[PDB]
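Here the protein sequences come in this chain order: B, A and D.
All letters in the first sequence, in the order written, are residues 556 to 712, 765 to 830, 848 to 1090, 1112 to 1162 by the entry's author numbering.
All letters in the second sequence, in the order written, are residues 848 to 1090, 1112 to 1162 by the entry's author numbering.
Residues in the third sequence are numbered consecutively from 628, following the entry's author numbering.
Note that CB positions come from ideal geometry on N, CA and C, so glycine has one too.
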Amino acid sequence: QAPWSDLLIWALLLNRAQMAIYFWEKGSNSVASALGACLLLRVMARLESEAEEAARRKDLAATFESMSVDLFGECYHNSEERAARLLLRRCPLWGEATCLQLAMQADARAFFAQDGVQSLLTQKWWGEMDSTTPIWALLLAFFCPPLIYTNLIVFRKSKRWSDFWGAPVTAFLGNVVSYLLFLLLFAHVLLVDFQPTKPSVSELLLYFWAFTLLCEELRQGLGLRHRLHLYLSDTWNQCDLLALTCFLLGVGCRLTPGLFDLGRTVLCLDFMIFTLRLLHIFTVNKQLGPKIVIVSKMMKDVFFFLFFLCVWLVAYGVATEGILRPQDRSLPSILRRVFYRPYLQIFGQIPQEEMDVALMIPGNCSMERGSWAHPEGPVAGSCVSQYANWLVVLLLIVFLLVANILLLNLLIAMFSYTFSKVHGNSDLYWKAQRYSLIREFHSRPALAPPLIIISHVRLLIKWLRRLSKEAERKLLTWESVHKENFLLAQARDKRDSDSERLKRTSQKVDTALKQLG
Amino acid sequence: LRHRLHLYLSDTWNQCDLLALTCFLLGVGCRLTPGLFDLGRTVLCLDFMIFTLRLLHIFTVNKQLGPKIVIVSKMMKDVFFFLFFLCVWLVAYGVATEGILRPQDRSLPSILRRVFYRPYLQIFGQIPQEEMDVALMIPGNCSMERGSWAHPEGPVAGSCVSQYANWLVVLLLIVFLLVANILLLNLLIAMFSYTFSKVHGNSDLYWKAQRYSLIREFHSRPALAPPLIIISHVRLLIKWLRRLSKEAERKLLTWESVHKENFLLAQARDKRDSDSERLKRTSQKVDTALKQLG
Amino acid sequence: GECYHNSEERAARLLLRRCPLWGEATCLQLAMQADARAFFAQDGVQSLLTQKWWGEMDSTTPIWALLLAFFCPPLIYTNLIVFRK
Ligand code: NA
């Protein structure tokens, strides 16, 4: 009969700070109850009307988060294997949700930033192999399936067969190899054999593969209207939806006889969308991961660059086009030599023979008053005015100064500031997301997406037909031992601080004056 | 003598000098056979590159060049992020523009040239405009297929190039130069600046500790130059075929003990005059004062 | 900072109050003339300038809804732009 959890839930719902901390320190099952307290307080703080009381609830939820961090830090510092059984324990509080899922739902990013939690996610990622095996041994065992039964891959953190092919690293590695073979087949169809009359054998293999990828995205979109709200929420579910919609528009346009070239180009832009998927597939990796995350935070500085450049590119381009007006005055021709010459001049392509009379041969080539010169090039105009050409050379010099020295070196300065400012928060965000990415590979039907139709048939058939108790007591008493040592050391550190020594001296001198008088 | 072979296999530059000599033996052995002259002629060229990169390890002893050579190998994870993001973007751009204006020379190494090797040189300022832009090419009925075609200039650019939707090829050039030359290069400078200012202090601490064993290596070497070093190896082969004062140490150690005692007395005075131990001693004096009243 | 931390609407009526001291000059104009740059750096003052900038719409309406309503004047009378501050 331990009713301490009823008084904990009572003190959390009425927002009593000192009550809820005391009721935490007396009850058991402490790591899960601190994550449950942090979750419940943040849910009720978003639902709060008064601003001061929502601020009060977010301060208390931050206190419970730091206590679960400090307690699990000491439980991990004693024994790694036993603390691993402490996090991964089924349904400690309020339904089947482990401590990692309570840390995920509460947005407790300081709990995932520990070295103990990241070590347990590394052990979970490698399955039932050892987490120190190098990646080349994983590659040699992957491309040689009989080489599993040797002394390269040490196990224990037809049995070794499902110890190799059951780990999340080999579901990842099989997914990457199958996705690169999809791109290699896509490129072979698009660059070598794309017949105008009838689709060949290799293109029908491509259409079959894209049907398997479509059924995979409906399986992650259904396996029901709130689930569609969740699939519409992400940006990369929308991007894989975007790749498949451009694919259907390309194949549907190709099959009509009057629209061959339109589908021929829509599939090329579709190839770019499928290859940018690979930036999201490798966010699970330990070295490439966090750096891919920081790239999307560097895009407000690129947009300042494009703003300042487009103001300056219009100013330079229309001025030099007006100064030496040419004789080919088509609309796309002048849009070429207004926007597209100066954009390539900031990358080192400076055409001097198109806009400088000293490099051109003169002549009476126009039908108008004035002196004219004949440029070289099929797009540079046909005759160019010679009046005030030193001003065109000065506008080139000023353009190269402002574009290549101000804007490029200032952009390097802004990228350096933004990077050193957001780098720490991007590490904290990546570790918290690293749990749910691993859980995605562990929850996937482990069969490669060219051959994944087998598992979708089996799930279609199933859709047509519709610790021990003493081990938990030993575990929780072990946790309560370390909770008491944590709280005693916290009390000794507060008592030996300098300000409470100053309080205790002040009260002793005050009672000394009470003894004299 | 087998544990010494474990030590020689342990280092990376003992392995590299082993690597230079193994490529040398493969080059000389291939040269002497009559049917393999050109193979040894090229293996010795790559071997020349491996011998010249030794000079980066010889000058880690130097006082100015030393620590900076050490920091260079710690900057290689950011180069590998650059090569990852670039290869994703280089395949995306190259296969799209090759598909959009399909050419008529469709050899395998020819299309691998103009898929991987054109865009890699476009990030260094080599932008060939007359090979992929219909406004700069002369048109003509140069193919044997339905559609409008144009004839590029260059022996590797294809022979006929499709004119359909060429404004999309010009837009893919503009987007490529934006992502490659502005994002990836300026972001790489930002990551090198962060990594450098983060690992610079630990690389100084590592270099000073290694600076002892490098000096000891030159002091332990037979001092005769490696063109003429056969003399010292003959002399060591002959030798292999045939098989302070006490009062000065007492004065030294008593001098050390004098400075040990002054060090410990100053450490005790600094701890005693600190503010927290003054606060302890006042607290205990007031407590014994209450014991004297009561 | 504390008057804003209690109630946002009532502190908005506190800054924007006509002629509190020495002629018609509100607290924002006294902060402007004094060069009090630490007073404008608050999150309360910048939130009230965001509400003043958007007029009598809501300050959370995205810019594309403003563009669609600008280039389609009959599209004002729909449920895109929520009014009352
Ligand atoms: Na440059």
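Does DSSP classify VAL1008(B) as helix, strand or coil?
strand
CB contact check: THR880(A) to chain B, cutoff 8 Å:
no
Flag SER957(A) as yes when its Cβ comes closer than 7 Å to any non-hydrogen atom of the ligand NAD, and as no otherwise.
Among the ligands modelled here, namely the ligand NA, the ligand NAD does not occur.
Neighbouring residues, chain A, relative to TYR814(B) (Cβ below 7 Å):
The contacting residues do not exist; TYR814(B) stays about 17 Å from chain A at best.
Residues of its chain near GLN951(A), where Cβ-Cβ distance is below 7 Å and the 5 sequence neighbours each way are ignored
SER990, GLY1005, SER1006, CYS1007
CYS699(B), buried or exposed, once every other Cβ within 10 Å from all chains shown has been counted against 16
exposed
Check whether the segment 1147-1155 of chain B and the segment 875-882 of chain A touch, using three or more Cβ-Cβ pairs below 8 Å as the test.
no
Quick one: measure Cβ to Cβ for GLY972(A) and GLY1001(B), integer angstroms, because I've assumed they're closer than 8 Å.
That pair is no contact at about 20 Å.
For the beta strand (DSSP E) holding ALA997(B), just list the boundary residues, first then last.
996-998
Separation of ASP885(B) from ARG993(A), as counted between CA atoms
10 Å
Contact set for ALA572(B): own chain, Cβ-Cβ below 7 Å, skip 5 residues either direction
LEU615
Locate the alpha helix (DSSP H) running through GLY946(A), then write down its first and last residues.
923-947
Between the beta-carbon of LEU648(B) and the beta-carbon of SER585(B), is there less than 8 Å?
no
Can you list, in chain order, the residues of the segment 998-1012 of chain B whose Cβ is nearer than 7 Å to any Cβ on chain A?
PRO1002, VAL1003
Taking the alpha-carbon of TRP680(B) as reference, which of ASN1130(B), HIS1066(B), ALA600(B), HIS1047(B) has the nearest alpha-carbon?
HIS1066(B)
Quick one: which chain A residues come within Cβ less than 7 Å of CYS892(B)?
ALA943, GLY946, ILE947
Partner residues on chain A for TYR631(B), Cβ-Cβ distance less than 8 Å:
Under the 8 Å cutoff, chain A gives no residues; its nearest Cβ is about 26 Å from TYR631(B).
Any idea if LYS1045(A) is buried or exposed, counting beta-carbon neighbours within 10 angstroms, 16 or more meaning buried?
exposed
From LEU798(B) to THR944(B), what distance separates their C-alpha atoms?
41 Å
Hey, quick one: how far does the alpha helix (DSSP H) through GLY874(A) stretch, first residue to last?
860-879
Element boundaries [alpha helix (DSSP H), containing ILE1029(A)]:
Counting along the chain, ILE1029(A) falls outside any alpha helix (DSSP H), and DSSP gives it neither H nor E.
If we cut at 8 Å on Cβ distances, does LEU1158(B) have a partner in chain A?
no
Would you tell me roughly how many angstroms separate the C-alpha atoms of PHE793(B) and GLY671(D), rounded to the nearest one?
55 Å
State the beta-bridge partners of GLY987(B) as determined by DSSP.
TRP996(B)
For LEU1015(B), which residues from the same chain have a beta carbon less than 7 Å from its beta carbon, with the 5 sequence-adjacent residues on both sides left out?
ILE947
Which of helix, strand or coil DSSP assigns to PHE710(B):
strand
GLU635(B) to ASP625(B) span [Cα, whole Å]
15 Å
Between the beta-carbon of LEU1088(A) and the beta-carbon of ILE1078(A), is there less than 8 Å?
no
Within the continuous alpha helix (DSSP H) that includes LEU702(D), where are the two ends?
That residue, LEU702(D), is in no alpha helix (DSSP H); it is neither H nor E in DSSP.
Measure the beta-carbon distance from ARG1058(B) to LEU676(B) and round it to whole angstroms, keeping in mind my assumption that it falls under 8 Å.
6 Å
Who are the near neighbours of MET622(B) in its chain, counting only those whose CB is closer than 6 Å to its CB and skipping five residues on each side?
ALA589
According to DSSP, is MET979(B) helix, strand or coil?
coil
So does the segment 655-665 of chain B actually touch the segment 592-601 of chain B, counting three or more Cβ pairs closer than 8 Å?
yes
Can you pull out the residues from the segment 777-808 of chain B whose beta carbon lies closer than 7 Å to at least one beta carbon of chain A?
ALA794, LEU797, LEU798, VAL799
Anything in chain B within Cβ reach of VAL938(A), meaning under 7 Å, just list it in chain order.
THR899
Run through chain A and tell me which residues come within less than 8 Å of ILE1036(B), C-beta to C-beta.
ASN1033, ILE1036, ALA1037
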